[PDB]
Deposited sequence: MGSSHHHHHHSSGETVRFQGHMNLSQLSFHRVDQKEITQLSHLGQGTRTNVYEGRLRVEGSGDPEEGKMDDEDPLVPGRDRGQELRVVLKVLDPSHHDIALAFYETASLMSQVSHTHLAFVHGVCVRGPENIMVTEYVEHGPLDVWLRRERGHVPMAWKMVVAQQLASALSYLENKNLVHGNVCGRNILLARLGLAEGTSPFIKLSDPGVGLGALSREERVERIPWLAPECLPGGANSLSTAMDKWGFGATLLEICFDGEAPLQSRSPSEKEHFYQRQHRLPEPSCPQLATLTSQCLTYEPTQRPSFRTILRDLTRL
C-alpha cells in the first residue's frame, strides 16, 4: 500500500497548477520540498482510484519515476504527497523554448521515458496517463521523472476521457498496451515542441477522429517516425513492446 502522512507533517505553499479533479501545490514535508496533489471533495470511487495511484507509485522504484511519500486525509481533501521536481512539466518548457530544443535532447527524453515504461511493462503495471504534462524535468543532458497518473482513468467520465485525446488510447474511449499509445502521442508532442495534434479541436471533432480511426500525423523528426506509427495503431496487440522500443532507441 502507501504511507499515511499526518497534516502536521506538511506545509502547503504556492499553487503550481491543476490536474483532473486536483489542485497542485509546492510544499514542505517535515524538511523536504514536496509537491501536494489536493483531490477535490469526491465520492469514494474517485478517492479509491486516487488511493490506487498512491499504492502503485509507492510499490515501484525507478530512476525515471517520481516518488510518492504518501497520502494525507485533510477534512474532505485527499492529498498525495509527492516528489518535487526542480523544473516541472515538460510540455510547459517545450512551448517556452519552441524552435530551440535540439533533436539530441528529445532523443534523451524519449529513451528515459521508454526506460520508465519498460520497467512498468515488465511488472505488468499500467500508468494510463503518459503525456508531456506528466513528464517532469529534474535536470534541463536532460533528466526526467514520469509523474504519478493522478486519478485513475477507469474512474473518469467520457467527457474527461475525450479531453485526453490524442494521449488517450482509443480502446479507453468506450492493459499495458494503452501506455504504448500514450508514449507515441507524447513523442509527437515532444517533436512538435509541446504542440500536440488535435489539442485545439472540439470534443466532437476529437471523438470523430477516433470513431473513424483517422491516424495522427508523422513527426517532423525522422528518427521517431516509424516508432510513433507503430505505437499509434488502433489495434492494441499490434503495438511494439517497450523492450523493442527501448532496443530501437539505442540505434
query	finding
Missing segments of the deposited chain sequence, listed N- to C-terminal	1 to 27, 58 to 83, 194 to 199, 234 to 239, 317
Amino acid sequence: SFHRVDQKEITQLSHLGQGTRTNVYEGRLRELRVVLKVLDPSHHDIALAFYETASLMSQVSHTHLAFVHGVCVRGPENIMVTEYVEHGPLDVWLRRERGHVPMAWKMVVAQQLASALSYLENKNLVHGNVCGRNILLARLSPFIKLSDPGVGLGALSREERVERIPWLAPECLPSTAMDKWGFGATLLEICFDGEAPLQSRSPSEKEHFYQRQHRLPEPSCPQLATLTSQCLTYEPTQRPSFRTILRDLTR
From here on, numbers count along this sequence of modelled residues.
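Here, rigid core means the biggest group of C-alpha atoms that superpose within 1.5 Å across both forms.
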query	finding
Stretch departing more from the displayed form, 114 to 122 or 67 to 75, Cα RMS in 9 other deposited structures of this protein (core fit)	67 to 75
Greater root mean square CA deviation, 222 to 230 compared with 186 to 194 in 9 other deposited structures of this protein, core aligned	222 to 230
91 to 99 versus 127 to 135 - which carries the larger mean C-alpha B factor in the record	91 to 99
Mean C-alpha temperature factor, higher of 218 to 226 and 54 to 62	218 to 226
Among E26, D40, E195, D45 - the residue whose C-alpha B-factor is largest in the record	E195
Criterion, highest CA B-factor; candidates, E121, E83, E159, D148	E159
For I144, the third of its chain into which the C-alpha B factor falls	lowest
Cα B factor band for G70 (lowest, middle or highest third within the chain)	middle
Ranked against its chain, the third holding the CA B-factor of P236	highest
Position of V109 among the chain's modelled residues by C-alpha B-factor, lowest, middle or highest third	lowest
Within-chain third of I165 by Cα B-factor, per the entry	middle
